[PDB]
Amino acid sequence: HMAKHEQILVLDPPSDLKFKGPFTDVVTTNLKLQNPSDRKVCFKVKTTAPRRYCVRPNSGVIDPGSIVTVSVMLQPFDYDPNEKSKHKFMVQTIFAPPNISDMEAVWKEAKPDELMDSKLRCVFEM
């Protein structure tokens, strides 16, 4: 089907999440989400490799004009030249109906065409 809207949230960084080594300990990079609309927007952060990342907060609601900082923590790991990881992060969002009574209901009653997605590439720099 046809998506109802393009992504409303503004992301910083907009496309790539860079993690600088060494990776002997947890390496964290931030992702700021800003809501320029006059409506409340709910979000969920997802990844292609959950075991290698910890995200906080991984979901929430952003009020009109507000901004939230998401901490993305890459878990320590031993570099393997034989590994070819191309991890991606996704910020999935949805407008909260103005008359809805709780956040859980926003996602429970959501239709596919009401979702907005943004993808970020994870880059590991030595």
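Start at 1 with the first residue shown and count on from there.
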Review point. Got a sec? Mean C-alpha B-factor, which is higher, 62 to 70 or 85 to 93?
Key: 62 to 70
Study note, to complete from the structure: With B-factors read from the PDB entry, the higher C-alpha mean of 75 to 83 and 38 to 46 is in 75 to 83
Check your understanding: Taking the values straight from the PDB record, which of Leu17, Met103, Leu11, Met116 has the highest C-alpha temperature factor?
Key -> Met103
Exercise for review: Taking the chain's C-alpha temperature factors as the reference, tell me which third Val123 falls into: lowest, middle or highest.
Suggested key: middle
Check your understanding: Within this chain, which third does the Cα B-factor at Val55 fall in: lowest, middle or highest?
Key -> middle
Check your understanding: Comparing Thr28 with the other modelled residues of its chain, is its CA B-factor in the lowest, middle or highest third?
Key -> lowest
